[PDB]
Amino acid sequence: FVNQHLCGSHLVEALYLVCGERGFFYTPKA
Amino acid sequence: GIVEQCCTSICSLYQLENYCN
């Protein structure tokens, strides 16, 4: 699920699944 | 940033993990 174009909610979902209990930061304008 | 790496281009696990806390 990571090796594709991931945008918007799809990208946030991937970060969520990958990062697990560490959580993540989503900074689309940085 | 992440949009350039994962949305506009093909994402990767390597790159996604760069944004984990």
# chains A, B, ... in the order shown; residues from 1 in each chain; ligands from 1
call {"tool": "closest_atom_pairs", "arguments": {"of": "chain B", "to": "chain A", "cutoff": "6 Å", "atoms": "only C-alpha atoms", "output": "JSON lines"}}
result
{"residue": "B:1", "atom": "CA", "partner": "A:30", "partner_atom": "CA", "distance": 5.5}
{"residue": "B:3", "atom": "CA", "partner": "A:28", "partner_atom": "CA", "distance": 5.7}
{"residue": "B:6", "atom": "CA", "partner": "A:6", "partner_atom": "CA", "distance": 5.6}
{"residue": "B:7", "atom": "CA", "partner": "A:6", "partner_atom": "CA", "distance": 4.6}
{"residue": "B:10", "atom": "CA", "partner": "A:5", "partner_atom": "CA", "distance": 4.6}
{"residue": "B:11", "atom": "CA", "partner": "A:3", "partner_atom": "CA", "distance": 5.3}
{"residue": "B:12", "atom": "CA", "partner": "A:3", "partner_atom": "CA", "distance": 5.0}
{"residue": "B:13", "atom": "CA", "partner": "A:2", "partner_atom": "CA", "distance": 5.7}
{"residue": "B:19", "atom": "CA", "partner": "A:24", "partner_atom": "CA", "distance": 5.5}
{"residue": "B:20", "atom": "CA", "partner": "A:24", "partner_atom": "CA", "distance": 4.0}
{"residue": "B:21", "atom": "CA", "partner": "A:24", "partner_atom": "CA", "distance": 5.0}
call {"tool": "select_by_dssp", "arguments": {"residues": "chain B", "states": "helix (DSSP H, G or I)", "output": "NGL selection string"}}
result
:B and (2-8 or 13-17)
call {"tool": "write_last_selection", "arguments": {"atoms": "N, CA and C atoms", "output": "compact mmCIF listing (two decimals), in the first residue's frame"}}
result
# COMPACT_ATOMS: atom_id res chain seq x y z
N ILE B 2 6.31 16.01 1.61
CA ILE B 2 5.68 14.71 1.44
C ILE B 2 4.79 14.63 0.22
N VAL B 3 4.15 15.73 -0.15
CA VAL B 3 3.24 15.71 -1.28
C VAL B 3 4.03 15.49 -2.56
N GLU B 4 5.18 16.15 -2.65
CA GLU B 4 6.04 16.03 -3.80
C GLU B 4 6.57 14.60 -3.91
N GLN B 5 6.93 14.01 -2.77
CA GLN B 5 7.55 12.69 -2.75
C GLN B 5 6.57 11.54 -2.87
N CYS B 6 5.35 11.71 -2.36
CA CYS B 6 4.42 10.59 -2.24
C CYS B 6 3.13 10.72 -3.02
N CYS B 7 2.76 11.95 -3.36
CA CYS B 7 1.53 12.21 -4.09
C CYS B 7 1.83 12.45 -5.56
N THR B 8 2.66 13.44 -5.85
CA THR B 8 3.06 13.79 -7.21
C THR B 8 3.96 12.72 -7.81
N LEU B 13 7.90 3.34 1.50
CA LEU B 13 7.95 3.16 2.95
C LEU B 13 9.05 4.02 3.55
N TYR B 14 10.19 4.06 2.88
CA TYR B 14 11.32 4.81 3.35
C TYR B 14 10.91 6.25 3.61
N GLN B 15 10.25 6.85 2.63
CA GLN B 15 9.84 8.23 2.75
C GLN B 15 8.73 8.43 3.77
N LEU B 16 7.76 7.53 3.83
CA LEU B 16 6.70 7.68 4.82
C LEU B 16 7.25 7.68 6.24
N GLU B 17 8.24 6.84 6.50
CA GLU B 17 8.77 6.74 7.85
C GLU B 17 9.53 8.00 8.26
